[PDB]
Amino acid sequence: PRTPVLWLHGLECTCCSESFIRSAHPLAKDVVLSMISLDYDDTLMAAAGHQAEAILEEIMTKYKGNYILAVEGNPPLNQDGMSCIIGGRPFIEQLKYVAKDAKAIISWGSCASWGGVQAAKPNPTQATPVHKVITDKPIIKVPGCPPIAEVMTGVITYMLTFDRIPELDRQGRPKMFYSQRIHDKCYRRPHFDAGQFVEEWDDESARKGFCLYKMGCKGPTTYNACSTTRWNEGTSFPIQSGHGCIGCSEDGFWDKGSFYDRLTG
C-alpha cells in the first residue's frame, strides 16, 4: 500500500501546493497515483464539508502512526483562533488532532516553518509556526516561499523510500537541500569576487549580469538550493533573471529590512 499523506492548510497563500505540482522529477501526477495516497487536501479533493472531514478519522484509525501529516500555512492565536476556521472550529484544533497520530510532520514552506508573511510585524492574527504549536512530534521544515518543486518531492521521495526523516540541520531543515547558501555556487560569484556590481537597475553592469549584492541580494545569508537545483526544471532562479535573492527561505526575512538594502555583515 501507498503511504497516506494528510495535507492540511492553515493561513496560507497556497504557493507550496502550486510549487508541488510544478515538479518534473518526479511528476506530481506520479507522486499522487503511484507513491503516496493523498487522502486529504482542500485544493484537489473531490469530497467537501461533512464528507471531507469524515476522511480524517477514517485514515487516522486505519493508518495510526503510519501516515504523514503535511502542513501548508499556519494557525493564528488571536481572534480566538477564528481568523482561520475549518468545520466551524479553529484550525489549531484540526492541526493538533491530526498531528497526534502522525508518524512524521512536514512543515511546507516559510509560513508553516517560520510564520510567513502573516507573521510579519505587527502580526495581527498572531500566526504561529507549526513547531511552536506541535512540540511532541518530529517535524521537518521545508522553508522557502515557496520551496523549489523538486525539493518538496525530493523530501517526499526520501521519506517514502527509506521510511525515515532525512538528516536535519539545527533549524530542522534537510541537509540534502539546505546545507549551501545561495552565494556558494551562484553563477555571478566571480563578479562578486572581482567587485563587479549592479548599482542601478538596468545599468551597463546589469546587462552584463554583474553581482546583485549592492541591489540587496541576500544570497550570502540564505540557505536553499536555488543557485544549483534552480527553479521549474532548472530554467532560471531569482538571481539569473536579474533580481537579488530576498531571503525568502530564512526565518523572519520580512522584518530584516528592505529587500533592496544591502547586507553589511
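Counting begins at 1, following the sequence as shown.
If you average the C-alpha B-factors over 254-262 and over 1-9, the higher value belongs to 1-9. Per-stretch averaging of Cα B factors for 131-139 and 155-163 places 131-139 on top.
When the Cα B-factors of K218, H50, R230, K214 are read from the PDB record, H50 comes out highest.
Across the residues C111, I148, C84, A194, the deposited record lists the maximum Cα B factor for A194.
Ranked by Cα temperature factor within the chain, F237 sits in the lowest third according to the deposited record. When the CA B factors of the chain's modelled residues are split into thirds, the value for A120 lands in the lowest one. In the deposited entry, the Cα temperature factor of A99 places it in the highest third of its chain's modelled residues. Annotation for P90: C-alpha temperature factor in the middle third relative to the rest of the modelled chain, per the entry.
For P190, the recorded CA B-factor ranks within the highest third of the chain. Only modelled residues enter the ranking.
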